[PDB]
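The structure appears right after this line, and notes come after that.
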Amino acid sequence: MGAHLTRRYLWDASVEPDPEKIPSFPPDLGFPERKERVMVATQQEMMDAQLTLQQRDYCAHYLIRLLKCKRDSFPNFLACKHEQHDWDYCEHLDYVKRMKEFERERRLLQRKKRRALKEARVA
Amino acid sequence: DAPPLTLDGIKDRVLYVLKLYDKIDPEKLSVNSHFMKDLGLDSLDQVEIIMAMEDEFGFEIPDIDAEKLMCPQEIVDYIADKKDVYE
Amino acid sequence: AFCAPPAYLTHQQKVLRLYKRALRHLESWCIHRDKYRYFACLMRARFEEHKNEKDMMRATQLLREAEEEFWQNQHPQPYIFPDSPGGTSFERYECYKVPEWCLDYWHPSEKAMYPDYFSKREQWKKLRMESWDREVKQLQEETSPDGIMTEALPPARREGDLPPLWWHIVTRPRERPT
Amino acid sequence: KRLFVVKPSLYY
Amino acid sequence: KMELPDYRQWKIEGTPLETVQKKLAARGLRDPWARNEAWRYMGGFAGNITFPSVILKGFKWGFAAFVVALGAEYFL
Amino acid sequence: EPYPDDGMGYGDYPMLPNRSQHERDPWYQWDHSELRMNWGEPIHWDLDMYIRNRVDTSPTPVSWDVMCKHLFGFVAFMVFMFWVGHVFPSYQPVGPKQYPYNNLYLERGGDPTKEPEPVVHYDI
Amino acid sequence: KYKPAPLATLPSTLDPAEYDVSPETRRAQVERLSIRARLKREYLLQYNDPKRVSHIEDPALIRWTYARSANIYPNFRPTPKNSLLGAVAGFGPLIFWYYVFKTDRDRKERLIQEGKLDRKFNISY
Amino acid sequence: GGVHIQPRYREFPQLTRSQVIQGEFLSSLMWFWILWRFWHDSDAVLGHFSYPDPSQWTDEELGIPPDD
Amino acid sequence: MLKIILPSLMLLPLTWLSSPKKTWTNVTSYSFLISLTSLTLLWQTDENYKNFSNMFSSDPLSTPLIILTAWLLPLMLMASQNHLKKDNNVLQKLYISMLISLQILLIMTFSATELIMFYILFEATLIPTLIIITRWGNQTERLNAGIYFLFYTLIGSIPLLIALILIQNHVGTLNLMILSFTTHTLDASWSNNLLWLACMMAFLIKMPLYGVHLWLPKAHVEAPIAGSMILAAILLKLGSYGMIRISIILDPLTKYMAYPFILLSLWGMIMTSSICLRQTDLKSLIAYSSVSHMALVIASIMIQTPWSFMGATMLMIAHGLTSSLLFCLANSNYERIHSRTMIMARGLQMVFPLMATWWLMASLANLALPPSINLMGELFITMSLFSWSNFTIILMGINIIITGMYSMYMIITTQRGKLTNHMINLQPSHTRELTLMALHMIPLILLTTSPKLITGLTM
Amino acid sequence: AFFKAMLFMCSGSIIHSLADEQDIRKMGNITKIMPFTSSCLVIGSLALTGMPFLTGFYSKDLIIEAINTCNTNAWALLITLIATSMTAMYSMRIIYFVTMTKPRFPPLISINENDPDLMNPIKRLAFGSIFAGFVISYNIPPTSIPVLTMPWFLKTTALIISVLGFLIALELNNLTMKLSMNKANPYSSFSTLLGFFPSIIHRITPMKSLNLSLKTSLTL
Amino acid sequence: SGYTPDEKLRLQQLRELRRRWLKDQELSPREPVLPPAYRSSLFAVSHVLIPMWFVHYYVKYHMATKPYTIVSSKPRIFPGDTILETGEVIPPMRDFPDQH
Ligand SMILES: CCCCCCCCCCCCCCCCCC(=O)OC[C@H](COP(=O)(O)OCCN)OC(=O)CCCCCCCCCCCCCCCCC
Ligand SMILES: CCCCCCCCCCCCCCCCCC(=O)OC[C@H](COP(=O)(O)OCCN)OC(=O)CCCCCCCCCCCCCCCCC
């Protein structure tokens with residue numbers, strides 16, 4: 001349920017990002033040595049906390065915390081609340097990234113259209 | 001769950017309903033009093049009566065067995081016979 | 001279920017049996033009582049008029065267009081009572097209506113208890129065999145001359161005799177053995 | 001009014 | 001033996017059957033079985049039931065209880 | 001009305017109306033109650049089919065054709081619309097999820113010895 | 001208009017005949033009750049008979065089973081629409097599945113022979 | 001005896017103390033719980049994370065270069 | 001194995017010499033113990049076959065049956081004590097002896113090393129069976145049924161006689177042990193393609209295949225209960241036992257000479273299963289149930305994969321016990337009802353509470369309910385058939401749906417619904433009737449606990 | 001499991017208390033005649049409609065917003081949401097007809113739900129229906145990495161569609177009371193005879209599967 | 001219509017007999033001739049503890065003893081815990097940037 005779809009399903013899809021292939025353009029385009037992501041947890045930490053593969057996100061590190069405070073504090077299931085906000089935040093702060101990336105793409109494709117339309121296609 | 005019927009509690013309800021039908025005078029309704037020859041009601045009003053009874057006692061008096069619920073009493077033994085009330 | 005089916009149906013019973021299906025299929029569409037008690041006295045009007053049509057042909061032309069009006073203006077899931085054929089409790093309790101000729105193979109131990117019960121049961125079985133002769137003879141002496149024969153059976157017509165063929169309308173399993 | 005409940009013979 | 005309320009008690013006025021009674025009457029018609037259908041609206045079951053009333057049944061004390069609890073937490 | 005003489009065995013067995021026991025008057029005291037059949041009345045050839053359990057030829061408030069068309073119409077429209085759907089899906093404005101290491105190459109059970117072409121994910 | 005199909009048949013009501021009945025029709029109708037009433041008063045006087053242990057037979061059911069499993073081959077005449085249809089039913093699918101199973105079994109065998117079928121972790125058969 | 005709760009004809013069935021109190025009890029706890037959780041945890045409707053406006057991201061941030 | 005046999009023979013002297021009043025108990029009590037001696041063969045502590053002596057052997061495939069053959073004689077003699085209790089005291093002692101000879105002969109046939117010993121004993125079993133069906137058969141048509149049972153088996157039998165004498169000349173001995181450890185590889189000629197058919201056809205006939213199964217519906221219909229139990233439980237399985245031991249030779253041809261039968265059986269399984277769906281005679285429906293559930297077996301003794309074979313061994317022993325149970329309870333209804341019609345007698349649970357529990361368990365055995373050897377069997381044949389061609393599940397998949405429908409219909413229209421108004425009042429159940437059943441199912445429950453014993457030669 | 005179990009035993013109470021009436025048409029005003037079951041029924045009804053902070057709410061809206069956020073069939077996404085509004089509608093249908101309406105039951109009234117065996121279990125499950133979603137969601141292991149970040153319309157869609165669902169049905173039912181029989185059966189029949197899958201696929205298949213056995217495979 | 005005067009007597013009389021049959025069906029006093037504990041604590045323990053013991057006997061002395069009969073997912077170990085057997089203290093995780 002969204003309006004972005006309308007831009008793509010209706011109107012023109014030339015400048016609308018493909019749901020897949022989101023990292024379509026060069027990974028460094030527009031970037032002065034963009035820093036790659038940083039994963040706080042060690043591959044082993046996760047493997048020892050038995051985090052489901054899917055849950056091994058870049059927020060895996062705040063999860064392990066939650067899970068820690070959920071095993072500890074056992075009889076009390078209502079007290080590891082700060083830990084959940086944190087994890088969630090980490091993830092909201094990841095969903096936003098995944099949204100910034102998508103927009104980026106979107107805009108860049110438009111850049112392609114504008115540029116290749118009159119800059120590189122008319123004499 | 002509810003208490004079982006009686007041959008005088010299945011008769012007070014049958015007279016009760018009929019006494020609430022406007023056409024049937026409530027002071028000339030007597031159990032041995034025929035609906036169409038003595039009280040005056042027409043044929044269409046027999047269907048309507050029976051139907052009231054079918055809704056007072058919660059079951060369906062079949063068509064063929066109900067083209068004859070004339071006396072205001074037949075209704076009281078037929079209902080009871082169908083419900084096994086030996087009093 | 002009790003009385004026997006007539007051979008052909010009259011005009012009346014066909015009209016007067018629509019007044020039932022119709023009004024009862026008007027209480028599915030119109031559930032609330034008020035709407036019903038209204039929309040129904042308006043139904044009678046429809047039947048009330050065209051009551052005195054003497055022109056049979058016409059009458060059977062109002063009936064045949066009534067039952068088609070009805071078929072197309074009927075409710076798919078009407079209100080059929082709980083215990084009537086097609087209902088929700090129809091024949092539910094029949095798993096408990098054993099046919100009473102089965103208490104005759106009970107072990108003398110079982111029938112040992114419940115003793116006064118079998119003392120009265122043996123009386124009734126004496127009644128049944130004591131009249132089969134007078135009954136069948138009645139059924140026959142009063143059999144109709146050759147011609148139309150319906151399923152209606154005769155009453156007693158003499159003291160001491162028991163209505164012919166009465167062993168299974170009486171001695172019929174109780175409706176709700178519970 | 002306890003009533004007698006006919007039942008198939010159940011000794012056998 | 002169970003007694004039965006006096007048949008007279010029932011009357012159509014004062015219930016929704018009365019308004020149905022008056023219109024059918026304009027048409028000249030009059031339904032004769034109304035009085036039977038009167039106890040539906042006659043008493044006890046006479047009050048109209050509103051949809052918020054069912055969804056909100058017990059809300060009054062529920063919130064009262066809500067207040068009390070929050071209070072205890074405030075009192076620490 | 002004997003079943004048609006085409007030598008399939010029917011013989012003299014009467015061709016009784018193909019109506020199921022379902023619409024036999026449900027109130028009458030049928031000798032055989034559950035077959036809704038009286039004692040002596042010619043049994044139908046396929047009474048193993050039009051019995052009160054197996055098949056139901058009984059009139060329906062909606063005409064049969066109207067039924068077959070409507071049902072299948074619904075089915076088709078749905079199936080189709082589902083197709084319109086797959087063509088035009090609903091997807092939020094979100095780029096792809098990013099897993100650490102090499103898309104968890106080793107942990108997805110990848111071969112420890114053979115390192116994978118690094119798949120890197122950058123900030124923003 | 002309701003449209004009876006071989007299923008969803010025309011209801012009693014809505015059936016032309018039920019409405020226009022000639023004197024002839026009525027007579028027939030009356031007769032059919034007689035046959036039934038007659039048969040009804042025979043069962044009833046054999047059912048309600050004290051002093052009876054023998055099995056009420058319901059010969060109408062015995063005429064049915066005989067008609068259906070022991071009066072068939074004495075009324076068999078091999079026509080067309082019967083032998084064409086009596087061979088499509090016995091050999092039709094029996095030949096269909098043979099080219100369904102042969103083709104599969106042959107596809108399988110080829111693949112096994114050429115070395116493609118994986119047959120992994122299959123240590124049973 | 002045969003009457004544990006006298007049946008009633010065309011009258012509002014009499015109700016036992018307990019029937020009414022238990023019914024108000026279950027419903028009132030439902031409302032206390034809905035109100036208590038709503039106060040303590042109101043992130044059922046709102047959500048505790050605000051959607052970013054994807055259309056306010058400086059192109060610089062998104063690496064959008066300036067037409068070479 | 002002469003204790004399972006000699007003590008058996010001696011039963012015959014006991015049925016004759018014993019008092020007319022005590023003849024029944026001496027015979028039934030003693031063969032129960034004869035079954036107990038039969039259980040000793042089950043003591044196999046190593047995989048090598050127990051070759052008792054030159055002519056008599058018992059390997060995993062025969063042992064599960066010899067015990068069943070010994071077990072049913074007690075039961076057969078208990079199910080026929082009612083009918084056959086109206087006889088002259090010398091007709092009984094003949095029936096009892098006839099039943100006794102069947103298992104003497106059947107015990108030996110299942111426990112025979114020389115394949116032609118199988119043939120002589122194999123085709124002898126027809127004499128006792130034809131007498132049981134024709135002499136005591138209630139219906140006018142048993143003379144006909146007997147003819148069908150004798151000719152279909154006999155015309156198949158003489159080809160096998162020629163084939164086995166043929167292999168003896170080709171190899172030099174019909175000893176199943178040697179024939180197995182010797183190189184008999186047919187050469188896919190046109191002639192061999194006939195040999196294979198000669199050997200398998202006689203076995204395929206008494207194991208009703210779709211093409212030649214008309215003998216079994218006709219035979220069980222008019223056969224007395226003891227004959228119908230023997231035909232379904234042990235007689236039909238004689239054909240399966242033969243196909244397992246005879247296809248040791250004719251090893252190469254069945255790879256490609258089986259397609260015809262396999263397809264005949266799987267399509268046959270569907271049609272035989274389906275006609276059960278509308279058949280008015282209960283004994284008729286059980287018989288076609290027997291054809292379909294035996295059509296699965298000829299489709300596993302031909303695919304020839306380890307699992308098929310023991311799927312077959314599991315199902316044959318299991319279906320044998322279940323079918324009899326169904327044929328035995330069908331008889332109890334027939335004797336009180338006096339008619340085979342399924343439509344009459346509706347509602348019995350209302351009047352015979354327990355027999356209905358036996359009916360329910362028999363039907364659940366009939367359809368594949370899972371903690372039963374019956375299901376393990378079909379699950380295995382199903383697996384291999386799938387291996388032969390993944391498409392097989394479609395046909396072995398229409399049979400499972402149909403098998404559920406007719407199995408429950410037998411329960412729904414015989415043991416539920418409103419009671420029949422007043423058939424001859426149905427006298428209560430005898431304890432013999434109920435035990436005859438209990439004796440069938442208690443072993444079905446016990447075998448399901450440890451399926452290993454009836455798994456076949458393959459596993 | 002908790003709420004559906006409640007509603008069915010709730011109706012078990014209504015059906016048994018009334019003279020075995022299993023039809024909403026003849027049952028009415030159970031709210032005043034039997035508050036204990038009516039209270040249990042609405043608690044269950046709201047849980048079915050995903051009332052906020054009740055057991056349905058903890059799990060159900062997670063599923064709804066999951067849909068609103070994943071890549072999915074457009075036809076599937078739209079039908080699932082209106083399916084949620086219909087769940088509110090039929091939920092509304094039950095309480096309006098069964099509970100909030102003038103009584104239409106047979107005239108003699110004999111209602112008792114006092115029996116401990118009725119109340120106790122209904123009472124016990126009601127406690128579960130009220131608190132189970134709270135307990136199960138917090139206790140279970142973190143799983144699935146949900147997406148709590150949504151445009152607010154999608155975040156609150158389950159809540160609004162459910163609300164609008166009730167509102168629409170309230171209107172429809174309330175409209176019914178008018179002395180105006182004008183339903184016209186526009187599409188009620190499909191809906192009333194189960195989409196006609198029962199009328200057609202239950203009469204053809206069992207007929208053309210048995211005809212072929214008797215007539216063709218068995219006799220021919 | 002109306003009942004025929006000779007059917008309102010075959011229902012008159014047969015109903016009279018049905019009423020007597022149902023009276024006779026009633027059971028007399030004595031009719032069912034009979035042929036000549038700490039409350040829940042007789043259950044909780046007798047019916048739960050008694051079974052438990054057996055089960056335990058079975059689970060701690062057959063299953064436990066036999067190989068691979070009761071296998072369990074590894075216990076969860078997070079950064080910072082002390083493994084009981086080894087005594088190893090799982091090293092703390094790289095500080096993830098706080099207040100993110
Ligand atoms: C009931 C559910 C049915 C579900 C069916 C599922 C089918 C899955 C797809 C099957 C087809 C593609 C398979 C691709 C991998 C296997 C390739 C293969 O080796 O299969 C070959 C087989 C050849 O069959 P055919 O087309 O007849 O070729 C004859 C050539 N002269 O290829 C085929 O067999 C094509 C036909 C497949 C389906 C066959 C029929 C299945 C249902 C039969 C019901 C009973 C029909 C009885 C017909 C009687 C006719 C008188
Ligand atoms: C032999 C060849 C065929 C002969 C057939 C006719 C033979 C009749 C005469 C002999 C009858 C008895 C001998 C043959 C059967 C022997 C069965 C047996 O010995 O059971 C063994 C079982 C102990 O189990 P065990 O053998 O240790 O299992 C191996 C585990 N590794 O011992 C036991 O524990 C017995 C336990 C009895 C209670 C079992 C309770 C569980 C029942 C589960 C039923 C599940 C549902 C079944 C559904 C059926 C269909 C409805």
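In the structure tokens, chains take the letters A, B, ... in the order shown, each chain's residues start at 1, and ligands count up from 1 in the order shown.
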
Using only C-alpha atoms and all ligand atoms, what are the residues with an atom within 9 Å of ligand 2, set out as an MDAnalysis selection string?
-> chainID I and resid 32 35:36 38:39 42 63:72 317:318 321:322 360:375 439:454

Output of the above residues as a compact mmCIF listing (two decimals), in the first residue's frame, restricted to N, CA and C atoms:
# COMPACT_ATOMS: atom_id res chain seq x y z
N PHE I 32 -5.75 -74.44 18.90
CA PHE I 32 -5.27 -73.19 19.54
C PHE I 32 -3.84 -73.52 19.98
N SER I 35 -1.45 -73.83 17.23
CA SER I 35 -0.92 -72.50 16.86
C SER I 35 0.26 -72.15 17.78
N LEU I 36 0.16 -72.50 19.06
CA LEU I 36 1.26 -72.20 20.02
C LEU I 36 2.55 -72.91 19.60
N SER I 38 3.24 -73.61 16.60
CA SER I 38 3.61 -72.91 15.35
C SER I 38 4.48 -71.70 15.71
N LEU I 39 4.23 -71.08 16.86
CA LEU I 39 4.98 -69.85 17.22
C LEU I 39 6.48 -70.11 17.39
N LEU I 42 9.04 -68.86 14.86
CA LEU I 42 9.39 -67.41 14.86
C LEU I 42 10.75 -67.19 15.52
N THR I 63 7.13 -68.15 7.37
CA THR I 63 6.83 -68.21 8.80
C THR I 63 5.71 -67.30 9.25
N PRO I 64 5.60 -66.10 8.69
CA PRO I 64 4.54 -65.26 9.19
C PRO I 64 3.21 -65.81 8.78
N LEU I 65 3.18 -66.63 7.76
CA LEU I 65 1.93 -67.16 7.25
C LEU I 65 1.56 -68.47 7.93
N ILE I 66 2.49 -69.40 7.98
CA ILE I 66 2.23 -70.72 8.62
C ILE I 66 1.51 -70.44 9.94
N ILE I 67 1.97 -69.44 10.70
CA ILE I 67 1.34 -69.13 12.01
C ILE I 67 -0.09 -68.65 11.78
N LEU I 68 -0.31 -67.80 10.77
CA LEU I 68 -1.69 -67.32 10.45
C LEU I 68 -2.54 -68.51 10.01
N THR I 69 -1.99 -69.41 9.20
CA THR I 69 -2.77 -70.56 8.69
C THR I 69 -3.20 -71.42 9.88
N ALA I 70 -2.29 -71.66 10.82
CA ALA I 70 -2.62 -72.44 12.03
C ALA I 70 -3.61 -71.66 12.90
N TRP I 71 -3.43 -70.34 13.02
CA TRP I 71 -4.33 -69.49 13.84
C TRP I 71 -5.78 -69.46 13.38
N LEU I 72 -6.02 -69.38 12.08
CA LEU I 72 -7.41 -69.28 11.57
C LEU I 72 -8.22 -70.59 11.70
N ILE I 317 -0.29 -60.22 5.42
CA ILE I 317 -0.64 -60.80 6.75
C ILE I 317 -1.71 -59.86 7.31
N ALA I 318 -1.46 -58.55 7.30
CA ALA I 318 -2.42 -57.61 7.90
C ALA I 318 -3.79 -57.67 7.22
N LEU I 321 -5.81 -60.76 8.07
CA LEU I 321 -6.52 -60.71 9.37
C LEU I 321 -7.70 -59.74 9.23
N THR I 322 -7.49 -58.55 8.66
CA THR I 322 -8.59 -57.56 8.61
C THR I 322 -9.75 -58.13 7.79
N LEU I 360 -15.99 -50.80 13.80
CA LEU I 360 -15.21 -49.55 13.62
C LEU I 360 -13.72 -49.85 13.49
N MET I 361 -13.19 -50.71 14.35
CA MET I 361 -11.73 -51.01 14.31
C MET I 361 -11.40 -51.76 13.02
N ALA I 362 -12.30 -52.63 12.58
CA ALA I 362 -12.07 -53.40 11.34
C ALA I 362 -12.01 -52.43 10.17
N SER I 363 -12.94 -51.48 10.12
CA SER I 363 -12.92 -50.46 9.04
C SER I 363 -11.67 -49.58 9.07
N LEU I 364 -11.24 -49.21 10.28
CA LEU I 364 -10.03 -48.35 10.40
C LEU I 364 -8.80 -49.17 9.95
N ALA I 365 -8.85 -50.49 10.16
CA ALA I 365 -7.77 -51.38 9.66
C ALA I 365 -7.97 -51.39 8.14
N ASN I 366 -9.22 -51.49 7.68
CA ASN I 366 -9.48 -51.55 6.22
C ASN I 366 -8.90 -50.32 5.52
N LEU I 367 -9.26 -49.13 6.00
CA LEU I 367 -8.61 -47.91 5.48
C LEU I 367 -7.26 -47.77 6.19
N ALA I 368 -6.36 -46.92 5.72
CA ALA I 368 -5.04 -46.90 6.38
C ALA I 368 -4.96 -45.93 7.56
N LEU I 369 -5.45 -46.31 8.74
CA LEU I 369 -5.21 -45.43 9.93
C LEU I 369 -3.76 -45.70 10.31
N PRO I 370 -2.94 -44.70 10.68
CA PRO I 370 -1.49 -44.93 10.87
C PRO I 370 -0.79 -45.85 11.89
N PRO I 371 -1.23 -46.01 13.15
CA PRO I 371 -0.52 -46.91 14.05
C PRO I 371 -1.05 -48.32 13.78
N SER I 372 -1.02 -48.75 12.52
CA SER I 372 -1.54 -50.08 12.15
C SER I 372 -0.54 -50.61 11.13
N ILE I 373 -0.36 -51.93 11.09
CA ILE I 373 0.58 -52.55 10.10
C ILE I 373 -0.05 -52.36 8.71
N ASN I 374 -1.37 -52.23 8.67
CA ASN I 374 -2.06 -52.09 7.37
C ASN I 374 -1.45 -50.83 6.76
N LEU I 375 -1.41 -49.71 7.49
CA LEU I 375 -0.86 -48.49 6.85
C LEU I 375 0.62 -48.69 6.52
N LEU I 439 -10.50 -62.39 18.63
CA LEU I 439 -9.35 -63.25 18.26
C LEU I 439 -8.72 -62.70 16.98
N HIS I 440 -9.51 -62.16 16.05
CA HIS I 440 -8.90 -61.50 14.87
C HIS I 440 -8.15 -60.20 15.18
N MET I 441 -8.76 -59.28 15.93
CA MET I 441 -8.13 -57.95 16.21
C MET I 441 -7.03 -57.90 17.29
N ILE I 442 -7.13 -58.76 18.31
CA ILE I 442 -6.13 -58.69 19.42
C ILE I 442 -4.79 -59.01 18.75
N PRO I 443 -4.65 -60.03 17.88
CA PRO I 443 -3.41 -60.25 17.14
C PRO I 443 -3.05 -59.06 16.24
N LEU I 444 -4.04 -58.41 15.62
CA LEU I 444 -3.73 -57.21 14.80
C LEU I 444 -3.12 -56.13 15.69
N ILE I 445 -3.65 -55.92 16.90
CA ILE I 445 -3.01 -54.94 17.82
C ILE I 445 -1.61 -55.39 18.21
N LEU I 446 -1.43 -56.67 18.55
CA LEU I 446 -0.10 -57.16 19.02
C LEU I 446 0.95 -57.10 17.91
N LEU I 447 0.58 -57.44 16.68
CA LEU I 447 1.57 -57.47 15.57
C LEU I 447 1.99 -56.03 15.31
N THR I 448 1.06 -55.07 15.42
CA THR I 448 1.38 -53.66 15.09
C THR I 448 2.43 -53.12 16.07
N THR I 449 2.50 -53.70 17.27
CA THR I 449 3.52 -53.27 18.27
C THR I 449 4.93 -53.59 17.78
N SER I 450 5.12 -54.74 17.13
CA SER I 450 6.47 -55.16 16.68
C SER I 450 6.41 -55.62 15.22
N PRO I 451 6.30 -54.70 14.24
CA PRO I 451 6.14 -55.10 12.84
C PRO I 451 7.27 -55.96 12.27
N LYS I 452 8.44 -55.97 12.91
CA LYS I 452 9.60 -56.71 12.36
C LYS I 452 9.31 -58.17 11.97
N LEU I 453 8.54 -58.87 12.79
CA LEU I 453 8.26 -60.31 12.51
C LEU I 453 7.62 -60.61 11.15
N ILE I 454 6.66 -59.78 10.73
CA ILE I 454 6.00 -60.00 9.40
C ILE I 454 6.72 -59.22 8.20

Using only C-alpha atoms, find the residues of chain E whose closest atom to chain C is at most 10 Å away, then write them as a VMD selection string.
-> chain E and resid 15 to 21 23 to 24 27 29 to 34 37 to 38 40 to 41

Interface residues on chain J facing chain C, 8 Å, only C-alpha atoms, written as number ranges by chain = J: 20-23, 25-26, 102, 104, 177-181, 189, 192-193

Produce a file of the selected residues containing N, CA and C atoms, as a PDB file, in the first residue's frame.
ATOM      1  N   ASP J  20     -32.670 -24.885  22.567  1.00  0.00           N
ATOM      2  CA  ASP J  20     -31.837 -25.411  21.452  1.00  0.00           C
ATOM      3  C   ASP J  20     -32.084 -24.599  20.174  1.00  0.00           C
ATOM      4  N   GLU J  21     -32.145 -23.270  20.283  1.00  0.00           N
ATOM      5  CA  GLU J  21     -32.311 -22.427  19.075  1.00  0.00           C
ATOM      6  C   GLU J  21     -30.893 -22.113  18.593  1.00  0.00           C
ATOM      7  N   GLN J  22     -30.555 -22.498  17.363  1.00  0.00           N
ATOM      8  CA  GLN J  22     -29.169 -22.301  16.863  1.00  0.00           C
ATOM      9  C   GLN J  22     -29.204 -21.187  15.803  1.00  0.00           C
ATOM     10  N   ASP J  23     -30.290 -20.417  15.769  1.00  0.00           N
ATOM     11  CA  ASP J  23     -30.427 -19.396  14.695  1.00  0.00           C
ATOM     12  C   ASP J  23     -30.438 -18.000  15.325  1.00  0.00           C
ATOM     13  N   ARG J  25     -31.679 -15.500  14.144  1.00  0.00           N
ATOM     14  CA  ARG J  25     -32.933 -14.808  13.911  1.00  0.00           C
ATOM     15  C   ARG J  25     -33.857 -14.898  15.114  1.00  0.00           C
ATOM     16  N   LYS J  26     -33.959 -16.048  15.760  1.00  0.00           N
ATOM     17  CA  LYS J  26     -34.940 -16.130  16.873  1.00  0.00           C
ATOM     18  C   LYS J  26     -34.278 -15.794  18.216  1.00  0.00           C
ATOM     19  N   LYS J 102     -34.340  -6.294  20.357  1.00  0.00           N
ATOM     20  CA  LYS J 102     -35.485  -6.780  21.170  1.00  0.00           C
ATOM     21  C   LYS J 102     -35.543  -8.307  21.127  1.00  0.00           C
ATOM     22  N   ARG J 104     -36.473 -12.143  20.557  1.00  0.00           N
ATOM     23  CA  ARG J 104     -37.365 -12.771  19.604  1.00  0.00           C
ATOM     24  C   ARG J 104     -37.403 -14.243  19.897  1.00  0.00           C
ATOM     25  N   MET J 177     -33.980  -2.246  10.799  1.00  0.00           N
ATOM     26  CA  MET J 177     -35.215  -2.098  11.576  1.00  0.00           C
ATOM     27  C   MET J 177     -36.348  -1.339  10.880  1.00  0.00           C
ATOM     28  N   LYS J 178     -36.037  -0.511   9.897  1.00  0.00           N
ATOM     29  CA  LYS J 178     -37.064   0.306   9.243  1.00  0.00           C
ATOM     30  C   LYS J 178     -38.181  -0.498   8.594  1.00  0.00           C
ATOM     31  N   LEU J 179     -39.381   0.026   8.571  1.00  0.00           N
ATOM     32  CA  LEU J 179     -40.404  -0.761   7.987  1.00  0.00           C
ATOM     33  C   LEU J 179     -40.235  -0.632   6.505  1.00  0.00           C
ATOM     34  N   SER J 180     -39.153  -1.192   5.975  1.00  0.00           N
ATOM     35  CA  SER J 180     -38.887  -1.124   4.544  1.00  0.00           C
ATOM     36  C   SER J 180     -38.095  -2.341   4.096  1.00  0.00           C
ATOM     37  N   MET J 181     -38.792  -3.362   3.610  1.00  0.00           N
ATOM     38  CA  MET J 181     -38.124  -4.571   3.148  1.00  0.00           C
ATOM     39  C   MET J 181     -37.590  -4.346   1.747  1.00  0.00           C
ATOM     40  N   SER J 189     -27.168 -13.781  -1.633  1.00  0.00           N
ATOM     41  CA  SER J 189     -27.278 -15.214  -1.909  1.00  0.00           C
ATOM     42  C   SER J 189     -25.944 -15.919  -2.064  1.00  0.00           C
ATOM     43  N   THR J 192     -24.960 -16.051   0.989  1.00  0.00           N
ATOM     44  CA  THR J 192     -25.677 -16.929   1.955  1.00  0.00           C
ATOM     45  C   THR J 192     -25.671 -18.454   1.834  1.00  0.00           C
ATOM     46  N   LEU J 193     -25.508 -18.908   0.593  1.00  0.00           N
ATOM     47  CA  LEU J 193     -25.429 -20.312   0.295  1.00  0.00           C
ATOM     48  C   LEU J 193     -23.966 -20.589   0.026  1.00  0.00           C
TER      49      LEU J 193
END

Residues of chain J that approach chain B to 7 Å or less, counting only C-alpha atoms: could you list each one with the shortest pair of atoms and its distance in Å to one decimal, rows by chain and increasing residue number, as a Markdown table?
| residue | atom | partner | partner_atom | distance |
| --- | --- | --- | --- | --- |
| J:106 | CA | B:56 | CA | 6.0 |
| J:107 | CA | B:56 | CA | 6.0 |
| J:110 | CA | B:2 | CA | 5.9 |

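With the cut-off set to 6 Å and only C-alpha atoms counted, chain K residues close to chain B are residues 2, 3, 19 and 22 of chain K.
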